[PDB]
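Colleague: One structure is given below, represented as structure tokens, and several questions about it will come after.
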Amino acid sequence: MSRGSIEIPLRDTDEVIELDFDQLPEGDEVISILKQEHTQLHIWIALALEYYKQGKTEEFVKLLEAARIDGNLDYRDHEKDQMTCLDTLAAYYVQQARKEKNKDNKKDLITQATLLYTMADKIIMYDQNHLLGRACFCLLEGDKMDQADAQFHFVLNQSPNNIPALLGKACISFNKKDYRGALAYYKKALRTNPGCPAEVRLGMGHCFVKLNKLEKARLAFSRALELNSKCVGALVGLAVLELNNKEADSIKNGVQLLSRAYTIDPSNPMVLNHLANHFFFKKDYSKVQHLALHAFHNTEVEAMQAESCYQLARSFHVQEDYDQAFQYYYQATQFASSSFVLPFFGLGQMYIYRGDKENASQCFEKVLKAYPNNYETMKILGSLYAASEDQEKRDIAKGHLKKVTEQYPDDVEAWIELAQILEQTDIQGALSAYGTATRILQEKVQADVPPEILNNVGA
Amino acid sequence: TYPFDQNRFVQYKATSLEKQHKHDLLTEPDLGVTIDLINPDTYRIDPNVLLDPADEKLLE
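Order-wise, the sequence lines are chains A and B.
Note that UniProt numbering numbers the first sequence so that position 417 is 417, with each residue one more than the last.
Note that UniProt numbering numbers the second sequence so that position 4 is 53, with each residue one more than the last.
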């Protein structure tokens, strides 16, 4: 059965032109008809909304912009329709600004939305949809979260079951890390309207992930994809959940999910960063660099830029381009979150290449502070401090190397470095360390004893 | 002084940290949850649409 029709009354007459929503003519003709017949604005908006549902965004944009000039206002509550037109056009430009890659077009779209909202203020300053629009718009600028929170709270005080206001509160609560409040708002939204969008489950999924509720997160992202198969965010969520399992089958699943996401949106930063990481393990550094550089330019999130910089640095690091690797590791440490210490390890290694053992030590200390008793970090920091003139640093090195040799007794270098430190205060300990290194070299490496070790044992 | 290779810590080696690190689920500031303010039917409550068991498990 046909989707429906809309009635256009002919000027000063009782005759009507009926437009079928399944056979809507071209927008330029519709605009000409509506303009010549001086048709009321609600009809312009209804037509534009139907074009929008059909994905006919060009005609929708044309209709709303034309309606602001030629839409007839000679009817009751026309002001609410003017508000609807201005807020719909502003909200669409905000959605484009979210999707826009060109920073200048994005700034222009944001400026147009701001102007449209400023014009709407003169008609109905406290309209609920207007407040929702402005609160959602504040999230794009980011610094106005407290204003958005107050506006969503006002809407909820008038209509506490308002789904947009609940989603707004959930998003702000999540950014403020109140994952229980956010999940409660998403749950209330879904409980109030079973027909809610697939994206409502995506938000629930994110809350479940941060709450370490991996089963419900997996179910939420799967349900989002079941309702909307183009949900890249759900594919990324599932890919992260699978990759975190560390199982070979889950790793394969993660790569398949990322490949599906890439076929849907090849510009998404999370997809590009994880694909770069995958191609890195496949040693296709050309793809790593291409994907990570494109990812870095496709996002404004410092944590994602930091991860992109880490992938870039690691690619240059394998290519022995220690200077570019240093630059990308350095940038990554500037952009890195308090939990992302991987860039400090790479930067520390590049400082070693540059001979800057003090900053290298600080980098490895930052890593060790995040990952205590880590073998590689304790080994490197111990080695760096062993050469230090400070006796406390020598004692620290002694402690780290003791832990290293206790965890990995087959590491010949750790035994030799420990022996060199012990020579100053514990001759028997040094002898025991050199003897152990000698034994490992002869029995396990089956290599002849270096003359330096023999000399030191003699001394 | 034992002659350790100066580059032994500079050359790239796959660390235990790198192998054991678990990926964080990072998102854009809107978390990818687009709030639809254009189509009024998107949040229109139809009393005939019953809750699916898959959604119920998430609400339980």
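A virtual CB, placed ideally from N, CA and C, is assigned to each residue, including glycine.
For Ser361 of chain A, tell me which candidate among A:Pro372, A:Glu376, A:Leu381 has the shortest Cα-Cα distance.
Modeller: A:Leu381
Colleague: Taking 8 Å as the CB-CB limit, is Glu376 of chain A close to chain B?
Modeller: yes
Colleague: Rounded to the nearest angstrom, what separates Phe208 of chain A and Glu109 of chain B at their Cα positions?
Modeller: Rounded to whole angstroms, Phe208 of chain A to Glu109 of chain B spans 13 Å at the Cα level.
Colleague: So what does DSSP say about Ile94 of chain B, is it helix, strand or coil?
Modeller: coil
Colleague: Starting from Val16 of chain A, follow the beta strand (DSSP E) in both directions and report where the run begins and ends.
Modeller: 16 to 20
Colleague: For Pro102 of chain B, decide whether its Cβ has a neighbour in chain A, counting only Cβ atoms nearer than 8 Å.
Modeller: Between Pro102 of chain B and chain A, the shortest Cβ-Cβ separation is not below 8 Å.
Colleague: So, does the CB of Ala303 of chain A fall closer than 8 Å to a CB anywhere in chain B?
Modeller: Interface residue, yes.
Colleague: Would you say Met204 of chain A lies against chain B (beta-carbon separation less than 8 Å)?
Modeller: yes
Colleague: Between B:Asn56, B:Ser65, B:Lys71, which lies nearest to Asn374 of chain A when the distance is taken from Cα to Cα?
Modeller: B:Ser65
Colleague: Quick one: does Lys53 of chain A have its CB under 8 Å from some CB of chain B?
Modeller: Cβ-Cβ to chain B under 8 Å: yes for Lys53 of chain A.
Colleague: Taking 8 Å as the threshold (C-beta atoms), are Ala414 of chain A and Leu422 of chain A in contact?
Modeller: no
Colleague: For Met83 of chain A, decide whether its Cβ has a neighbour in chain B, counting only Cβ atoms nearer than 8 Å.
Modeller: no
Colleague: Please state the DSSP three-state secondary structure of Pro269 of chain A.
Modeller: helix
Colleague: Give, in chain order, every residue of the UniProt repeat "TPR 3" (163 to 196) of chain A whose Cβ lies closer than 8 Å to some Cβ of chain B.
Modeller: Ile163, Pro164, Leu167, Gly168, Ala170, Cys171, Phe174, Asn175, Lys187, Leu190, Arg191, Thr192, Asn193, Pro194, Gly195, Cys196
Colleague: Using a Cβ-Cβ cutoff of less than 6 Å, which residues in the same chain neighbour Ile396 of chain A once the five nearest sequence positions on both sides are dropped?
Modeller: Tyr385
Colleague: To the nearest angstrom, report how far apart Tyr371 of chain A and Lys68 of chain B are at their CA atoms.
Modeller: Roughly 13 Å between the two C-alpha positions.
Colleague: For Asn72 of chain A, write down the residues that DSSP places opposite it in a beta bridge.
Modeller: According to DSSP, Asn72 of chain A bridges with A:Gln40.
Colleague: Could you check what DSSP says for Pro197 of chain A in three-state terms: helix, strand or coil?
Modeller: coil
Colleague: Is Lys216 of chain A close to chain B, meaning its C-beta is less than 8 Å from at least one C-beta of that chain?
Modeller: yes
Colleague: For the structure I just gave you, are there three or more beta carbon pairs, one from the region 430 to 447 of chain A and one from the region 312 to 324 of chain A, closer than 8 Å?
Modeller: no
Colleague: Measure the alpha-carbon distance for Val200 of chain A versus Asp79 of chain B and round it to whole angstroms.
Modeller: 13 Å
Colleague: Taking C-beta to C-beta, are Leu116 of chain A and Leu139 of chain A nearer than 8 Å?
Modeller: no
Colleague: Could one say the Cβ of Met270 of chain A lies closer than 8 Å to chain B's Cβ atoms, at least one of them?
Modeller: yes
Colleague: Please list, in chain order, all residues of the same chain as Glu59 of chain A whose beta carbon is under 7 Å from its beta carbon, the five residues on each side excluded.
Modeller: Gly27, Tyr51
Colleague: Taking C-beta to C-beta, are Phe221 of chain A and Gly205 of chain A nearer than 8 Å?
Modeller: yes
Colleague: At a Cβ threshold of 8 Å, is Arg201 of chain A touching chain B?
Modeller: yes
Colleague: Over what stretch of residues does the beta strand (DSSP E) that includes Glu7 of chain A continue unbroken?
Modeller: Here the beta strand (DSSP E) through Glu7 of chain A covers 5 to 9.
Colleague: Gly348 of chain A to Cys363 of chain A, Cα distance in whole Å?
Modeller: 5 Å
Colleague: What span of residues does the alpha helix (DSSP H) with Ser65 of chain B cover, start to end?
Modeller: 65 to 69
Colleague: Hey, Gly254 of chain A and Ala239 of chain A: beta-carbon distance below 8 Å or not?
Modeller: yes
Colleague: Decide if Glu376 of chain A is buried, meaning its Cβ has at least 16 other Cβ atoms within 10 Å, or exposed.
Modeller: buried
Colleague: Is the Cβ of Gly142 of chain A closer than 8 Å to any Cβ of chain B?
Modeller: yes
Colleague: Can you pull out the residues from the UniProt repeat "TPR 5" (235 to 268) of chain A whose beta carbon lies closer than 7 Å to at least one beta carbon of chain B?
Modeller: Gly237, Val240, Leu243, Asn244
Colleague: So, does the CB of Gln442 of chain A fall closer than 8 Å to a CB anywhere in chain B?
Modeller: no
Colleague: Answer with yes or no whether the minimum CB distance from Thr88 of chain A to chain B is below 8 Å.
Modeller: yes
Colleague: Could you check whether the Cβ of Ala459 of chain A sits closer than 8 Å to any Cβ belonging to chain B?
Modeller: False, the Cβ-Cβ gap to chain B never drops below 8 Å.
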